[PDB]
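**Q** What would the 3D arrangement of this be:
(2 chains)
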Amino acid sequence: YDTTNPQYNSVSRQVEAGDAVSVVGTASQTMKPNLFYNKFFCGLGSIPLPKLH
Amino acid sequence: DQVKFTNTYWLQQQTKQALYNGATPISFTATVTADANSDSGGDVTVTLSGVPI
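**A** Residues are numbered from 1 along each chain as shown, chains lettered A, B, ... in the order given. Here you go, the structure:
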């Protein structure tokens, strides 16, 4: 949230001191989330290795 | 009979991540080989098939 630069606002208002938050889940439970994404979320590459003398 | 070790979970054997069937994690379980009776003071010795390695 940028007053000088509203072009890039991602969100409706500004997070302020004293706002309520919460965590998504239960205290210690071990779990395995499903994922969803778009092709350009992440990317992967590899560097060819030279050989030792 | 089948004894279930509560806080110790099966793994995926190749990946080594805990198994989760969407409710809870699936705990490890082993099978009694031979009949076993308990003595006074209340402690039992039993042989189990399947191992929590």
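
**Q** Go through stretch A:23-42 and flag the buried ones.
**A** Neighbour counts over stretch A:23-42 (16 or more other C-beta atoms under 10 Å in any protein chain shown) mark no residue as buried. All C-beta spots, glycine's among them, are computed from the backbone N, C-alpha and C.

**Q** Quote the end-to-end distance of that stretch.
**A** 25 Å (C-alpha to C-alpha, to the nearest Å).

**Q** Is there any residue in stretch B:26-37 that contacts chain A?
**A** No: residues of stretch B:26-37 contacting chain A under C-beta under 8 Å from any C-beta of the partner chain: none, with a closest distance of 10.7 Å.

**Q** what about residue B:12, distance to chain A?
**A** Relative to chain A, residue B:12 is positioned 10 Å away (C-beta to the nearest C-beta, to the nearest Å).

**Q** List the contacts of that residue.
**A** residue B:19 (C-beta atoms under 8 Å, 6 or more residues apart in numbering or on different chains).

**Q** measure it to residue B:19 for me?
**A** 6 Å (C-beta to C-beta, to the nearest Å).

**Q** Same question for residue A:8.
**A** Residue A:8 sits at a distance of 42 Å from residue B:19 (criterion: C-beta to C-beta).

**Q** When these two are compared, which one has more neighbours?
**A** For residue A:8 versus residue B:19, neighbours defined as other C-beta atoms under 10 Å in any protein chain shown are more numerous around residue B:19 (13 against 7).

**Q** Does the more buried one touch residue B:13 like I think?
**A** No: with contacts counted by C-beta atoms under 8 Å, residue B:19 stays clear of residue B:13, the gap being 10.0 Å.

**Q** Off-centre distance for the lengthiest strand in chain B?
**A** Longest strand in chain B, counting residues (DSSP state E): strand B:2-9. Remark: strand B:2-9 is offset 4 Å from the chain centroid, using C-alpha atoms, centre = their mean, to the nearest Å.

**Q** partners of the next helix or strand along the chain from it in the sheet?
**A** Downstream of strand B:2-9, the next assigned helix or strand under DSSP states H and E is strand B:27-32. Strand B:27-32 has its sheet partners listed here by DSSP bridges as strand B:2-9 (antiparallel), strand B:48-49 (antiparallel).

**Q** No further queries at this time; thank you.
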